[PDB]
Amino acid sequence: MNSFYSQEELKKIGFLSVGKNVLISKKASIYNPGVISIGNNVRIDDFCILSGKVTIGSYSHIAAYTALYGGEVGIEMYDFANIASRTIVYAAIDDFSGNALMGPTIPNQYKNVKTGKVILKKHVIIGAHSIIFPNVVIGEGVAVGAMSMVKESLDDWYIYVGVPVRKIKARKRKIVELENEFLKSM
């Protein structure tokens, strides 16, 4: 069938805000829903995790198995941004260098958590099995390929691939005009 909440059960979750035509899987996890807000026409699929401060506009699909670790600073997606399956977005990560201790079992004073808001601008697409690390803006109209890793802010309207990513090609801007056409008839 499908595993989505009814519009009725959504209201019971306690989101900061949730628009219309919001389909969220019952097999997703939602932690601290009072700091999570969703526009209209959002779909979030089985085995996703939203945890902490996350904000999603409208016309966004968060595909299956995707984790959004919004922490305190948060993750924000703008309209028409989509995220394919099995992606992680971190707004916070532990320091790997060996200069600090690590992870939730250890108190803050021994760790060196790197944290910064993450933003996906309008029309961003994030390819399957990718990772986005903290304190990064993914530019307007940016496509990130499958299995790619992003550690820095990405320039608008390009397609990036690889670990860590590299620019390979301009993204076509035809979507801008299609979005105007779509909005019209809606």
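Just count from 1 along the sequence shown to find any residue number.
Novice: On average, are the C-alpha B-factors higher in 40-48 or in 125-133?
Specialist: Per the PDB entry, the higher value belongs to 40-48.
Novice: Look up the CA B-factors in the entry and say which stretch, 88-96 or 110-118, has the higher mean.
Specialist: Mean CA B-factor is higher for 110-118.
Novice: Among the chain's modelled residues, which third holds the C-alpha B-factor of residue 166?
Specialist: It belongs to the lowest third of the chain when residues are ordered by C-alpha B-factor.
Novice: Report the third (lowest, middle or highest) to which the CA temperature factor of residue 35 belongs, ranking only the modelled residues of the same chain.
Specialist: Residue 35: CA B-factor falls in the highest third of its chain.
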